[PDB]
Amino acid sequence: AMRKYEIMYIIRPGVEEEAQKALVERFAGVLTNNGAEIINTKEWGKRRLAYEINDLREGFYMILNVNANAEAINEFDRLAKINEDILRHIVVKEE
């Protein structure tokens, strides 16, 4: 299959110029070896962006506390995303 995605990621600012490129080229490499096709890349260099967000969500709210393995969450993950009855879902793990 194939969908058009847009992706943003942030590299911590402590990383050294050469390392940077290595990681960067690395991730594009990661995308490519799997059939993905990169149409364009932008590098904004180091930035400090403040974001404020505001949303309103109405629905039947459910909260779960769970001990699980990585494998488990993806299953939950996967199935939540497809089901039209689930608007939004969120996961916090301790690290």
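Position 1 is the first residue in the sequence shown; the rest follow in order.
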### Query
Against its chain's modelled residues, does residue 19's Cα B factor rank lowest, middle or highest third?
highest
#### Entry: CA B-factor ranking of residue 40, expressed as a third of its chain
middle
### Task
Comparing against every modelled residue in the chain, figure out the third that the C-alpha B-factor of residue 70 lands in (lowest, middle or highest).
highest
### Message
Is residue 86 in the lowest, middle or highest third of its chain when residues are ranked by C-alpha B-factor?
### Response
middle
### Query
What third of its chain, lowest, middle or highest, does the C-alpha temperature factor of residue 48 fall into?
middle
